[PDB]
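**Q** Quick one: the structure is below, questions incoming.
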Amino acid sequence: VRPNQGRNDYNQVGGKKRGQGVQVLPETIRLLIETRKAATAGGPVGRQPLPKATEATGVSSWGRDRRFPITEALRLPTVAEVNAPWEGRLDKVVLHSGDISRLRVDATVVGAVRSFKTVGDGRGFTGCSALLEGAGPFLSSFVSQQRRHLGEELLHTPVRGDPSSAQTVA
Amino acid sequence: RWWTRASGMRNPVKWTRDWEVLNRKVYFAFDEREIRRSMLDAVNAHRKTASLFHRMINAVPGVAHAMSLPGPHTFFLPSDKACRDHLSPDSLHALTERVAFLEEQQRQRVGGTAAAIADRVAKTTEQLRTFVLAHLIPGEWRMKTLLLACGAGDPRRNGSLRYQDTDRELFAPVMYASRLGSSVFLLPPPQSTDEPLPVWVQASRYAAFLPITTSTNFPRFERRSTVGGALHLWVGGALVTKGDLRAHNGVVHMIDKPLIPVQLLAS
Amino acid sequence: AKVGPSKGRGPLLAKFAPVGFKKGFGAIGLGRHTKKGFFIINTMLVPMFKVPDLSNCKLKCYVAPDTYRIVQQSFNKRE
Amino acid sequence: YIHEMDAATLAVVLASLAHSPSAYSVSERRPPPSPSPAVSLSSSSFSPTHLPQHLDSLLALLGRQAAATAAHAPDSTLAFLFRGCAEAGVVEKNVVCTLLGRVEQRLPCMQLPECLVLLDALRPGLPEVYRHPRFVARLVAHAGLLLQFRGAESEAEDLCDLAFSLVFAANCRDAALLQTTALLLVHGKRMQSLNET
Amino acid sequence: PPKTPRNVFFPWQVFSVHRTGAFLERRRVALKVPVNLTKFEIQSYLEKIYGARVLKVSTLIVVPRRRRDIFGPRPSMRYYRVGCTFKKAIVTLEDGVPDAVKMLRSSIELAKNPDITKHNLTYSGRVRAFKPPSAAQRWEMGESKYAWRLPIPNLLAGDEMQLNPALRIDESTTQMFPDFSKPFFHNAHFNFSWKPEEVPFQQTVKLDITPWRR
Amino acid sequence: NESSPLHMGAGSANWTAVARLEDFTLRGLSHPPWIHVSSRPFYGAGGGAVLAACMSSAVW
Amino acid sequence: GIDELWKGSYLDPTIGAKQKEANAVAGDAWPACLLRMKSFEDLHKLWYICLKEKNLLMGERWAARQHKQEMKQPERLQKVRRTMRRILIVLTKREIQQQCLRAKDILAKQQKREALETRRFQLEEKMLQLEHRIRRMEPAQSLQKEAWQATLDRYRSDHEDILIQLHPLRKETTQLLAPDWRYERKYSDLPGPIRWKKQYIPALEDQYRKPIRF
Amino acid sequence: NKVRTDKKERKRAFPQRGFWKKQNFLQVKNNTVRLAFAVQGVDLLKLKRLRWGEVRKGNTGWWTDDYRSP
Amino acid sequence: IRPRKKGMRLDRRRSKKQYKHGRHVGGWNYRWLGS
Amino acid sequence: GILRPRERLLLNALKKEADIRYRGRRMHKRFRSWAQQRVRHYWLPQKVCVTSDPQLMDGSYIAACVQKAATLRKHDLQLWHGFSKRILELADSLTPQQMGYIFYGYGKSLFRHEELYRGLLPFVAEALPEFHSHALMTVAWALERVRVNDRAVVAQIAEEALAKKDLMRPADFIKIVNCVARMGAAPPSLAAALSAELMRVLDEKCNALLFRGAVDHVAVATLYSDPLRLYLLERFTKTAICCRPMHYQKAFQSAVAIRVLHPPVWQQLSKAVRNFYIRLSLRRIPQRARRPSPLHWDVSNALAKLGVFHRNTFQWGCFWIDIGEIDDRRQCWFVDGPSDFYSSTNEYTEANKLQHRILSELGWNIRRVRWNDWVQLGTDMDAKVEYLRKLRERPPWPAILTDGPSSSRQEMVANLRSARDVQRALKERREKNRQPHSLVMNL
RNA sequence: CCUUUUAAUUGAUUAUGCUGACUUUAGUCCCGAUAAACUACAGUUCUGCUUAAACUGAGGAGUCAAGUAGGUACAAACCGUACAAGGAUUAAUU
RNA sequence: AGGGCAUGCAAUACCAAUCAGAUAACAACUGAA
RNA sequence: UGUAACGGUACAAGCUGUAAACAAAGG
RNA sequence: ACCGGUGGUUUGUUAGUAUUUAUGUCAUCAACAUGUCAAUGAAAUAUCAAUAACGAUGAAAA
RNA sequence: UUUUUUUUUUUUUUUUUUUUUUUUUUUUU
RNA sequence: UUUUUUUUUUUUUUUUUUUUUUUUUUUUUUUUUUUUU
RNA sequence: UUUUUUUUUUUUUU
C-alpha cells in the first residue's frame with residue numbers, strides 16, 4: 001500500500017487530472033449570460049432629434065436603422081499631424097486602422113477577379129468580404145449587365161508612358 | 001527511473017536453462033490450463049458465423065439450461081454456409097419460419113386460435129430441441145485426442161499419411177532438370193440419439209508437397225478441400241475447419257455439415 | 001564518500017548510472033511521443049542555414065602588408 | 001490570448017462585447033477609497049475611454065477563433081456561439097459558412113430550448129448572411145416535428161418565445177403551425193404555469 | 001552550449017577532422033563536433049557550406065577519463081582530465097578518402113598500423129569480435145545460391161565474368177569428396193542446412209530413461 | 001553494506017540535503033552551502049572601461 | 001568540397017614541405033577601419049571565409065596537440081578571431097542606431113498623449129455630473145433641465161473629438177508592449193534582440209496540459 | 001585501478017616467490033597480429049629482431065652469408 | 001532521508017532563515033554589498 | 001502472501017509461455033522503426049467543411065475541401081460529384097494555385113471522371129504563363145495517374161517548365177520529365193532539350209535522396225540520350241546504398257532494356273559499372289503480391305476447356321507473363337484491359353509496348369487478347385473456345401506493337417456497363433453449382 | 001653598560017602526558033597448490049580441467065559492477081578504443 | 001560605461017487568511033511559536 | 001548579492017563567458 | 001553648514017590574517033597533510049671557454 | 001536490441017537535464 | 001483446496017466524434033451517383 | 001507490460 005496513506009491528499013476524489021473531459025452545465029452559461037445582459041437596464045437620456053449619420057452623401061437616412069457605427073473619413077488625422085511635435089508630401093495622406101466597409105468615402109478601390117464575379121468573396125484581402133457583404137445583391141446584376149454591355153472595352157489597357165491614352169481610357 | 005528498467009528481450013529475471021524441467025512447464029501451460037469463459041460464451045463469440053444456431057439456442061427453451069451444466073461436454077456448431085448449402089430451400093425456409101414464430105411468441109409475451117397456438121408451440125419446441133441437442137456429446141474430446149484415437153500416431157498405421165510425393169518435374173522444372181524430357185473410431189451416442197458417431201482422418205492435398213521444401217528421410221520402397229493442415233478430421237462425414245475451442249464446460253468444434261437425426265430425416 | 005562527486009567524478013551522467021536515467025546534452029526537439037512508444041518526426045522544427053554565393057569573391061581572410069603604408073599615407077594629406 | 005480560448009469562454013466573451021459593453025466594468029489598480037462608477041452602470045449618453053469602433057481587430061480574431069472552435073463544441077454551446085457571432089457582428093462569409101455547416105450537421109440532435117436560441121440569430125438588424133433560406137427552412141421544419149411529437153414537454157414561456165420568433169424572426173406564414181402553438185398555450189394542461197409565468 | 005536558432009546567419013560551429021587510431025572504411029571520415037548538434041543539422045552544415053555528398057552520419061559521445069597527479073618530485077595528488085567532451089561524428093561520403101588523413105601512422109611502434117592491419121584487430125580489449133549478418137547474406141536483397149545458372153544473367157556476363165561457383169573454390173583449404181556409403185561429416189562440403197537426397201536413409205536413436213523396466 | 005547509487009542520490013543528493021534539519025552554515029564542497037565569499041577586489045591601475053562588477057542587477 | 005578541410009594545409013599528403021611552408025604565410029587581420037566601409041553582403045561573405053579558415057586551422061592545432069608539439073604559426077587563429085569580433089561590432093552599432101531612433105519617436109508622441117488623456121479625464125467627470133443632475137429631476141420640467149441638456153450636448157462633441165484625435169497615438173505608443181517573434185532569439189539571430197517575461201494566466205494555469213511542441 | 005584509489009596496495013607489501021605468466025594467451029595474440037601482417041606481406045618479427053644498423057632484404061639472415069662467400 | 005520522512009518536509013529556501021545571519025569567509029559579521 | 005503448489009506451477013508455466021511468445025513475435029520485423037516522419041508543409045491554415053453547401057463555396061473553399069477530402073480518404077460519390085458540378089460552374093474564377101490543389105486531390109483520390117479534366121484543361125492552357133512549379137507538377141501527376149493522355153497540353157506544360165527552369169524545383173522537374181516520357185508527347189527536339197536541362201539539374205541540385213527519383217526504365221530508353229544514360233548509370237552505382245526495392249527494380253529493368261536495345265551504349269560503360277549490374281541480377285528483389293484478374297480467370301477457363309496446359313501467374317527474370325504453356329514454353333498470352341489503353345481510345349501505353357518489344361526480341365511467342373472483343377461473346381463457352389482456337393492456329397504478333405481502332409466515351413461506357421452484368425451473372429452461376437442441396441428435413 | 005619598571009604567566013630527569021625524530025629486539029619471522037624445451041640437416045614434451053563455432057531467412061538466451069581492468073617498443077609513461085544501416089557491389093585497382 | 005554576456009540555484013509574493021506542488025470548489029479538517 | 005558546472009586561454013588556486021584579453025578614426 | 005574631489009591621522013610601529021583541496025563515515029559529523037609564485041646570487045642584461053691541466057665573471061662556486 | 005512515452009506509479013522532483021525559450025497569420029511555393 | 005491476473009493497448013461487436021489523421025512515394029486491376037443494367 | 005496513419009470513447013473474451 002506504500003506509505004502514501006494518512007495524507008489528506010491521498011486518493012482525493014476529483015482532480016485536475018481526473019477530470020479532463022467534463023463540461024459545465026448550460027445553467028451556468030445561461031446564468032452568466034443573463035447576468036451580463038442585465039447590467040445596463042435603464043431608460044434613455046440626452047436628446048436625439050435627428051437621426052445618426054449612417055448613409056452616403058445625398059441619400060437620406062431616417063428609416064434604415066443600423067446597429068453598427070460608421071466612421072467619417074474627413075475627420076481623421078493626417079500623418080503630418082500625427083508626426084508633428086508638441087507645443088506628394090504627407091499633408092493629404094491618412095493611415096487608418098479600421099473597417100474599410102464602415103467608412104464614409106467618395107470612392108473605394110476593390111480588387112476583383114478577372115471575370116468580375118462576386119461569388120462568396122473576391123481576392124480574399126482584408127475587407128473584401130466585408131465590402132461584398134455590405135453591398136446589396138444588385139451589385140452582381142449591375143456588374144453582369146455591364147460586362148455584356150461593354151464587352152471589348154474590358155479587354156484593353158493604357159500604353160505604358162501614354163498619359164493621353166490613360167485619360168481616354170478613364 | 002529505478003534500479004533497473006530493462007524489459008522485453010533484456011529481462012533482468014533469471015530463468016531455468018534445463019530442458020528436462022522446461023519440458024514440464026509446456027504440459028501445464030497447454031493441457032492443464034484453466035479457462036473462465038463458458039461454452040455459451042464461445043458459441044456467442046461466433047454468433048455472426050452461426051446465426052441460425054445462435055438464435056435457436058436462445059429461442060427454444062431448455063437448450064440454454066442444458067448447455068450450462070458443470071459436467072464435461074462436447075459440442076458441434078455447424079456454419080451458416082454449411083446449413084445453407086446442405087439444406088434444401090423448403091427445409092431451410094420452414095426452419096427459419098418456426099424460429100421466427102418462437103421469437104415472435106417471446107416478443108408478444110414480453111410486450112380456436114388460442115388452443116391451436118399452444119399445440120403448435122409445444123410441437124415446434126420439441127422438434128427444435130431434438131434437432132439442437134443431437135450435436136451435444138458427453139465427455140471432452142480434443143482434436144489431438146481424436147487424431148491419436150484414429151491411429152494417426154501409430155507407425156504401423158501411418159504408412160498412408162507419412163510418405164507423400166507428387167510430380168516435381170511439373171511444378172519445379174528449373175530445380176529438376178534430370179526429369180525433363182484410416183480406421184473408424186466410434187464415439188459415444190449423442191444426448192438425444194442412440195446411434196454412435198463414426199470419426200476418421202484423411203490426408204490433405206498440401207501434405208504432398210512437403211519434401212520439395214523440407215528435408216525428408218524416407219526409406220526405400222518396393223473435389224479437394226482447401227482448408228489448411230496436413231490432416232483432415234471427418235466427424236461423421238462432416239469436415240472440421242476449426243476446433244480446440246476449450247472452455248469451462250468442454251470443447252466446441254465447427255463442422256462444415258449439419259448433423260440431422262434419422263427421426264427428422266425423410267423416407 | 002564512495003558514491004558521489006567527491007573524487008573527481010563530476011556530475012552524474014547517463015554513462016555512469018543504471019539503465020533508465022534520462023539526461024541529454026542540449027538539443028532541439030523535432031517531434032513528439034505517441035501512446036505506443038513511437039516517435040513522429042517533423043521537418044518544420046529543423047533550423048535553416050543561410051549562406052551567400054562564394055563562387056566569385058575577391059575578398060580574402062588576410063590583408064596584404066602593403067595596405068598599411070597606403071592607408072597611413074592618406075592621413076598625412078589631411079594635415 | 002484569444003487563440004487559447006475554448007467555446008464556453010468564447011461564447012460569453014462574445015456576448016459581453018455585444019450586450020452594450022461599458023468601459024467602467026474593468027478593474028482598477030489602487031482606486032480611491034470612494035466607490036467607483038460601476039455601482040450604477042446605467043444607460044449613458046456617451047462612450048467612456050474609447051469608442052465602439054476601436055475593437056474590430058479583436059472582433060476579427062474572435063470570429064476566427066470561433067470558426068476553429070466550432071468543431072469541438074457540444075450541441076448546447078454551439079447554438080450559443082452561433083448567436084454570439086451574429087450579435088457581435090461577424091461579417092466574414094468564409095467564417096460563417098463553416099458555422100452554418102456544423103449547425104446543419106448538429107440540427108437534428110437539438111431540441112426546442114436549443115432551437116429558440118438559434119432562432120434568436122435571425123432577428124431584424126443582424127447581418128443577412130445568417131438568413132440562409134436552406135437553413136431557415138430546415139429549422140422551421142424541425143420545430144414542427146418537436147411540437148408534434150414532444151409537445152407535452154414544452155413550457156408556457158418556451159411556447160410564448162417560439163410564437164414571437166416564428167412571427168418576427170423567421171417571418172413564417174404557416175397557419176397550421178401558428179394554430180398549433182396557440183392551442184398548446186391555452187388548451188393544454190398549463191394553467192398553473194401560465195398564471196405564474 | 002547556446003541553442004541554434006531557426007534562421008542562422010552567423011554560425012559559430014567549428015568543424016574539424018579527427019585522427020583516430022582505429023581502422024576506417026574507404027567511404028568514411030571522422031570529424032570532431034560540438035555536443036549540441038543533431039544528425040540533420042550536421043548533414044545540412046556540410047551540404048550547404050562545403051557542399052559535399054553525404055549519405056549517412058553517425059554520432060558518438062566522447063568523455064575524457066580521470067587522471068591523478070602522482071608523478072614528479074612534488075606531486076599534488078589532485079585530480080584532472082585531458083581534453084574536452086565532444087561529439088565524434090562519422091560521415092559516409094560518396095567518394096573515397098585517403099587513409100593518410102583519417103588514420104594515424106608511426107614507425108617507432110610497428111604494431112600501430114590500423115591502415116595495414118584493417119579490421120583484423122580490435123584495437124581494444126575485445127577478445128571476440130561481432131559481425132551481424134550481411135546484406136548479401138540476408139534473405140531480402142541477398143545473393144541467390146541458384147541464380148548463377150539462370151539465362152538472363154549470363155547475357156549480361158558476356159565474356160566478362162564467370163558466375164560458376166566451382167571455379168572459385170580454394171584448393172589449400174578444401175578436402176576431397178568422400179563416399180556417401182561411408183561415414184563422413186556434414187560440414188565438409190554441404191554449405192546449407194538441409195540433408196541432400198543423395199545421402200542414404202539414416203536411423204534414429206531414442207534414449208532409454210527407464211532401462212530397468214526391461 | 002551495499003553500494004546503491006539510486007539510494008545515494010535519493011537520500012543524500014543536492015535536492016535531498018536541502019530538506020535536512022542540519023547546520024547549513026558549514027562549508028560544503030559538494031553541497032549548496034549558505035556562506036558568503038566576498039567576491040572580486042578593488043581596482044588598481046588597469047583600464048576603467050573593462051572592470052566588471054555586476055550582472056543580475058544590470059541585465060537588459 | 002570535403003577536400004577543403006585539409007587541402008593546402010600541413011595535413012595534405014600531395015605536396016612537399018616547401019609548398020606547405022609557402023602556404024603557411026599570412027598577413028594582418030582585417031581592422032575595423034576597413035570593415036566599416038564594407039556593406040552587409042561583403043561582411044557576410046567574409047564571415048564564412050573566416051569560418052572556413054578557422055576550421056582548417058583547428059585540424060592542424062589538434063594534430064600538433066596529439067604529438068605534444070606546438071603548431072606552426074599560431075597567430076593565425078588570433079587574427080581570425082579579431083576579424084570575426086570586429087564584423088559583429090560593426091553590425092551591432094548599425095543596429096543600435098535604429099533602436100535609438102525608435103526610442104526617440106516614441107518619447108516624442110508620449111507628450112501629446114498625456115495632455116489629451118488629461119483633458120478627456122476632466123470632460124468625463126463633468127459629463128457624468130450633468131447626467132446625474134438631469135436624472136435627479138425626471139418627473140418635472142424646467143429651464144434648468146434644458147440648460148443642462150444643452151451643456152451635455154456640447155460636451156458630447158467636445159469629448160468625441162478628443163477620442164478621434166487620441167486613437168492614433170494609443171496604438172503607436174503601445175508598440176513594444178507585446179511580444180514579437182521576429183525580434184526573438186529563437187526565431188532569429190540578428191543583432192539587437194528583445195526579451196520578454198512570462199505572465200501568469202489563471203485560465204491557462206488551471207488547465208492540464210502536456211509538455212508537447214508540434 | 002588506474003586512478004590508484006582502492007585497497008590494492010595491501011597485498012603487495014608482503015614478499016612473494018613468483019607470479020603467473022599468461023604465455024598461452026599472449027602467444028595466441030602475437031600469432032594473430034603476425035598473421036594479420038603476413039597476409040599483407042610484411043615481417044614484424046624480423047624488424048623486432050634485426051640489429052640496429054642492420055639491413056636484411058627479404059627472408060635473409062646469417063645463413064644467407066654462408067654460401068655467399070664471394 | 002526516506003520517502004515517508006521526505007514527503008513531510010519543506011525546502012529551506014521557502015523561509016527567511018537564509019537572511020538572518022552574517023557568516024562569511026571573513027568572519028561572523030558580514031555586510032552586504034552596497035549597504 | 002502464499003500460493004498453492006498446484007497454482008504455482010501453472011502460473012510459472014504460463015509466465016514462461018509469455019516470454020517465449022514475445023520472443024517469437026519480432027522475428028520478421030526487420031525494417032520497422034519506432035521513429036517516423038510525417039509531411040506537414042502542405043496543409044492549409046484556414047478551416048473548411050466538406051459537408052457544407054457547395055453553392056456557398058468559392059474557389060478557395062472548394063480547393064481546400066477537395067484536398068481535405070482526399071487526405072481524409074472520404075470516398076463518397078454523392079460528395080465528389082457535387083464538387084465536380086460546382087467546379088464546372090466556377091471554372092472561370094480559379095487561380096493557378098487552386099487549380100493545382102483541385103488536380104492533386106482528384107488524382108490522389110483516383111476519381112475517374114474525364115468530364116472534369118476535359119473541361120478544366122483549356123483554362124489551364126490559358127493560365128500556363130502564370131502557373132508555378134507546384135501547379136505544373138500536380139497537373140501532370142494527376143493526369144498520369146488517371147491515364148488521360150493530352151499531347152496538346154502536356155507539351156505546353158513541358159515548354160513552360162523549360163521556360164521557368166530558373167525558378168522550378170528539382171523534384172518537380174524530374175516528375176515532369178517522367179510524366180512526359182510515360183505519356184509520349186515529346187518530339188525529338190523537346191526530348192533533347194529536356195535531357196540537356198535534366199543532366200545539369202541532376203548534377204548541380206540533386207542529392208542521393210533526390211537522384212533516385214530520376215530512375216525510370218520507360219523514360220531512359222525513350223527520352224534520355226546517351227550522355228545522360230551513361231551518367232545516370234554511373235551515378236546509380238554510387239548512390240545505390242540509399243535506395244529502395246522500388247528503385248532497384250527500375251534500375252534492373254533499365255539495365256536489361258539498355259542491353260537489349262542499345263548494345264553500343266552498353267558496351268561504352270566501364271568494367272566496374274558493368275559488374276554492378278551483373279551482380280544485381282543475382283539478388284532476390286521483393287515483389288508485391290499478385291493474383292489473376294476476373295478476365296484472366298475467364299480466359300484461363302476457356303483455354304483449359306480448349307485442352308491446353310498453362311500457368312496462371314509466374315515471373316521470368318524481370319518480366320511477368322500472364323499465360324505460359326507447359327508443352328511449349330515459348331508461347332505466351334496477354335490479357336489486356338481498359339487500363340491497358342488510354343481513356344476513350346485503344347492506344348497501347350509506352351510501358352506495354354516496351355515490355356512487348358523486349359520479350360519479342362528475346363524470343364517469346366506473344367499473343368494478345370482484348371477485353372472489348374471478348375465481352376461481345378457473352379456468357380457462351382463454345383464461342384470463346386472457338387475464338388481461342390482460331391487465334392492459336394494463326395501466327396504470333398509482330399515485334400512492334402500497334403494500336404487498335406478508334407473509340408469513344410460513349411462506347412467505353414456502354415462496354416463497361418455491359419461487362420458489369422456479365423461479371424455478376426458468371427459469379428452467380430459459378431457459385432450456384434457448388435451447392436449440393438441433398439438434405440431434406442421432414443418437420 | 002649601569003639604574004627604575006614589567007598581567008612573561010617568566011624555571012623541568014618523571015603525569016604508561018601531547019606532537020615528531022631516531023635506536024634495541026633484528027640480516028631473526030614472512031615466500032600460495034606443476035613444469036620443460038627453442039638444436040650441428042624433417043616431425044607431435046608432460047600434466048590438470050573439459051559448452052572451444054563467429055551468416056545459413058531468427059542481433060549469438062539475460063541482469064549488475066568496472067565512474068571505461070585482455071590496445072600499444074620485456075613502459076605502473078604518452079597516445080587510442082563504445083557506430084543497431086554494419087558503409088570494402090573491394091569480384092575492383094595496381 | 002562603446003559592444004557582448006549559454007546553462008543551474010525548483011520563484012504569479014514590487015503582494016496578502018492558514019494547510020501539499022506548477023500554491024487546493026464548500027464540508028470532512030484538527031493548530032502554543 | 002554570494003557560489004557550483006561546462007568551454008577558451010599556456011588545461012590554471014589567474015583571467016574569461018563562443019564577440020571567450022578590447023571599439024579609441026562618424027565631418 | 002548638506003553634496004562632489006584631494007590629502008593626512010587613529011584604529012595598528014604595542015594587535016593580527018581567513019578564500020583553493022588529497023585523505024575518514026551510509027549519513028549527521030570531524031579535521032592547521034605536504035617550506036616559497038622562486039636553483040643561487042645585490043646584479044644571470046655576468047651561468048664564458050673546453051679534452052686533462054692552467055684559464056673567464058663574481059665577495060664567495062666544480 | 002534498450003532507453004524515451006500510456007498503465008502499474010509517486011512534485012516517494014537524482015542540481016547545472018528534457019517532445020518543455022511566450023502559448024499559431026504559419027507567407028502554404 | 002489455503003479459494004489465485006486484467007488497465008494502457010490488440011482483435012471482435014455496436015456508432016451522428018475529430019485533419020491532434022497514413023509520403024503532392026509507388027504498383028496493380030473490366031469501373032463508381034443522378035436522367036446507360 | 002502496449003509493435004508500425006495520430007487522438008476520444010462502450011461491451012465480451014484464450
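Chain labels run A, B, ... following the order of the C-alpha cells; each chain numbers its residues from 1, and ligands are numbered from 1 in the order shown.
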Compile the contact shell of stretch 2-14 of chain M as an MDAnalysis selection string: residues with an atom at most 12 Å away, counting only C-alpha atoms (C1' of nucleotides), same-chain residues fewer than 6 positions apart removed.
**A** (chainID C and resid 5 10:12 25:26) or (chainID E and resid 1:2 34:35 80:86) or (chainID F and resid 14 27:40 54) or (chainID G and resid 70 78 81) or (chainID I and resid 18:19 22:25 30:33) or (chainID L and resid 6:9) or (chainID M and resid 20:21) or (chainID N and resid 19:21 37) or (chainID O and resid 15:16)
**Q** How would you write, as a PDB file with N, CA, C and O atoms, in the first residue's frame, the set of residues in stretch 6-190 of chain E that DSSP gives as alpha helix (DSSP H)?
**A**
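Result went into result16.pdb, see below:
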```pdb
ATOM      1  N   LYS E  39      21.935  15.073 -36.195  1.00  0.00           N
ATOM      2  CA  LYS E  39      22.235  14.447 -37.425  1.00  0.00           C
ATOM      3  C   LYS E  39      21.859  15.309 -38.603  1.00  0.00           C
ATOM      4  O   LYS E  39      22.640  15.552 -39.530  1.00  0.00           O
ATOM      5  N   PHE E  40      20.661  15.795 -38.640  1.00  0.00           N
ATOM      6  CA  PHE E  40      20.117  16.648 -39.626  1.00  0.00           C
ATOM      7  C   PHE E  40      20.886  17.936 -39.753  1.00  0.00           C
ATOM      8  O   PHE E  40      21.224  18.395 -40.850  1.00  0.00           O
ATOM      9  N   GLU E  41      21.177  18.563 -38.619  1.00  0.00           N
ATOM     10  CA  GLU E  41      21.936  19.804 -38.589  1.00  0.00           C
ATOM     11  C   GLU E  41      23.346  19.624 -39.140  1.00  0.00           C
ATOM     12  O   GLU E  41      23.813  20.426 -39.936  1.00  0.00           O
ATOM     13  N   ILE E  42      24.028  18.548 -38.787  1.00  0.00           N
ATOM     14  CA  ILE E  42      25.301  18.171 -39.266  1.00  0.00           C
ATOM     15  C   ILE E  42      25.287  17.962 -40.759  1.00  0.00           C
ATOM     16  O   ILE E  42      26.156  18.433 -41.501  1.00  0.00           O
ATOM     17  N   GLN E  43      24.336  17.251 -41.274  1.00  0.00           N
ATOM     18  CA  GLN E  43      24.106  16.998 -42.643  1.00  0.00           C
ATOM     19  C   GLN E  43      23.974  18.275 -43.428  1.00  0.00           C
ATOM     20  O   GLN E  43      24.630  18.502 -44.453  1.00  0.00           O
ATOM     21  N   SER E  44      23.090  19.155 -42.957  1.00  0.00           N
ATOM     22  CA  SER E  44      22.843  20.436 -43.607  1.00  0.00           C
ATOM     23  C   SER E  44      24.077  21.325 -43.599  1.00  0.00           C
ATOM     24  O   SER E  44      24.345  21.984 -44.598  1.00  0.00           O
ATOM     25  N   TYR E  45      24.852  21.338 -42.513  1.00  0.00           N
ATOM     26  CA  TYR E  45      26.070  22.144 -42.449  1.00  0.00           C
ATOM     27  C   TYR E  45      27.006  21.838 -43.619  1.00  0.00           C
ATOM     28  O   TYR E  45      27.400  22.721 -44.368  1.00  0.00           O
ATOM     29  N   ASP E  99      43.674   7.343 -46.686  1.00  0.00           N
ATOM     30  CA  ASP E  99      43.893   6.910 -45.306  1.00  0.00           C
ATOM     31  C   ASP E  99      44.876   7.787 -44.539  1.00  0.00           C
ATOM     32  O   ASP E  99      44.791   7.882 -43.325  1.00  0.00           O
ATOM     33  N   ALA E 100      45.778   8.485 -45.201  1.00  0.00           N
ATOM     34  CA  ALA E 100      46.812   9.302 -44.697  1.00  0.00           C
ATOM     35  C   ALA E 100      46.329  10.560 -44.021  1.00  0.00           C
ATOM     36  O   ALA E 100      47.139  11.369 -43.554  1.00  0.00           O
ATOM     37  N   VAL E 101      45.065  10.819 -43.965  1.00  0.00           N
ATOM     38  CA  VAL E 101      44.391  11.933 -43.414  1.00  0.00           C
ATOM     39  C   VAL E 101      43.602  11.565 -42.185  1.00  0.00           C
ATOM     40  O   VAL E 101      43.634  12.233 -41.144  1.00  0.00           O
ATOM     41  N   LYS E 102      42.851  10.516 -42.252  1.00  0.00           N
ATOM     42  CA  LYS E 102      41.974   9.988 -41.278  1.00  0.00           C
ATOM     43  C   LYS E 102      42.606   9.051 -40.285  1.00  0.00           C
ATOM     44  O   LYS E 102      42.205   8.988 -39.116  1.00  0.00           O
ATOM     45  N   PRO E 114      46.867   0.714 -38.076  1.00  0.00           N
ATOM     46  CA  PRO E 114      45.481   0.367 -38.339  1.00  0.00           C
ATOM     47  C   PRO E 114      45.169   0.260 -39.827  1.00  0.00           C
ATOM     48  O   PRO E 114      44.406  -0.602 -40.243  1.00  0.00           O
ATOM     49  N   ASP E 115      45.772   1.098 -40.657  1.00  0.00           N
ATOM     50  CA  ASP E 115      45.550   1.055 -42.100  1.00  0.00           C
ATOM     51  C   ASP E 115      46.012  -0.265 -42.707  1.00  0.00           C
ATOM     52  O   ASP E 115      45.321  -0.827 -43.549  1.00  0.00           O
ATOM     53  N   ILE E 116      47.162  -0.782 -42.292  1.00  0.00           N
ATOM     54  CA  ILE E 116      47.713  -2.026 -42.810  1.00  0.00           C
ATOM     55  C   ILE E 116      46.954  -3.211 -42.236  1.00  0.00           C
ATOM     56  O   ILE E 116      46.601  -4.133 -42.958  1.00  0.00           O
ATOM     57  N   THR E 117      46.695  -3.218 -40.932  1.00  0.00           N
ATOM     58  CA  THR E 117      46.054  -4.366 -40.297  1.00  0.00           C
ATOM     59  C   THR E 117      44.567  -4.456 -40.625  1.00  0.00           C
ATOM     60  O   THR E 117      43.991  -5.526 -40.472  1.00  0.00           O
ATOM     61  N   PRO E 151      19.407 -17.964 -67.298  1.00  0.00           N
ATOM     62  CA  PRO E 151      19.765 -17.493 -68.621  1.00  0.00           C
ATOM     63  C   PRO E 151      20.060 -16.023 -68.736  1.00  0.00           C
ATOM     64  O   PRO E 151      20.932 -15.583 -69.492  1.00  0.00           O
ATOM     65  N   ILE E 152      19.350 -15.205 -68.037  1.00  0.00           N
ATOM     66  CA  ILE E 152      19.344 -13.787 -68.063  1.00  0.00           C
ATOM     67  C   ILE E 152      20.646 -13.189 -67.582  1.00  0.00           C
ATOM     68  O   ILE E 152      21.148 -12.214 -68.160  1.00  0.00           O
ATOM     69  N   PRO E 153      21.245 -13.716 -66.503  1.00  0.00           N
ATOM     70  CA  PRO E 153      22.496 -13.148 -66.032  1.00  0.00           C
ATOM     71  C   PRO E 153      23.674 -13.367 -66.933  1.00  0.00           C
ATOM     72  O   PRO E 153      24.566 -12.516 -67.057  1.00  0.00           O
ATOM     73  N   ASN E 154      23.764 -14.486 -67.574  1.00  0.00           N
ATOM     74  CA  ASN E 154      24.763 -14.861 -68.499  1.00  0.00           C
ATOM     75  C   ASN E 154      24.823 -13.929 -69.677  1.00  0.00           C
ATOM     76  O   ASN E 154      25.892 -13.639 -70.229  1.00  0.00           O
ATOM     77  N   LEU E 155      23.717 -13.437 -70.132  1.00  0.00           N
ATOM     78  CA  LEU E 155      23.573 -12.481 -71.161  1.00  0.00           C
ATOM     79  C   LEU E 155      24.350 -11.226 -70.870  1.00  0.00           C
ATOM     80  O   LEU E 155      25.116 -10.716 -71.697  1.00  0.00           O
ATOM     81  N   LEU E 156      24.198 -10.666 -69.714  1.00  0.00           N
ATOM     82  CA  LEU E 156      24.912  -9.573 -69.183  1.00  0.00           C
ATOM     83  C   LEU E 156      26.377  -9.870 -69.002  1.00  0.00           C
ATOM     84  O   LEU E 156      27.254  -9.067 -69.343  1.00  0.00           O
TER      85      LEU E 156
END
```
**Q** Set the cut-off to 12 Å and count only C-alpha atoms: what are the residues of chain H that reach chain E? Output as JSON, numbers by chain.
**A** {"H": [1, 2, 3, 4, 5, 25, 26, 28, 29, 30, 31, 32, 33, 34, 35, 36, 37, 38, 39, 40, 41, 42, 43, 44, 45, 46, 47, 48]}
**Q** Using only C-alpha atoms (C1' of nucleotides), determine which residues lie at most 8 Å from stretch 312-327 of chain J, disregarding the query and same-chain residues fewer than 6 positions distant; provide the list as a PyMOL selection string.
**A** (chain E and resi 152) or (chain J and resi 252-253+291-292+296+300+333-335+355)
**Q** Quick one: residues within 8 Å of residue M:19, only C-alpha atoms (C1' of nucleotides), excluding same-chain residues fewer than 2 positions away - as number ranges by chain?
**A** G: 84-86, 88-89; L: 3-4
**Q** Would you give me, as JSON lines, each residue of chain L having an atom within 12 Å of an atom of chain G, along with its shortest atom pair and that distance in Å to one decimal, using only C-alpha atoms (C1' of nucleotides) and sorting by chain and residue number?
**A**
```
{"residue": "L:2", "atom": "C1'", "partner": "G:93", "partner_atom": "CA", "distance": 9.0}
{"residue": "L:3", "atom": "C1'", "partner": "G:89", "partner_atom": "CA", "distance": 6.1}
{"residue": "L:4", "atom": "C1'", "partner": "G:89", "partner_atom": "CA", "distance": 8.8}
{"residue": "L:12", "atom": "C1'", "partner": "G:200", "partner_atom": "CA", "distance": 5.2}
{"residue": "L:22", "atom": "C1'", "partner": "G:205", "partner_atom": "CA", "distance": 7.7}
{"residue": "L:23", "atom": "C1'", "partner": "G:205", "partner_atom": "CA", "distance": 11.4}
{"residue": "L:24", "atom": "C1'", "partner": "G:206", "partner_atom": "CA", "distance": 11.2}
```
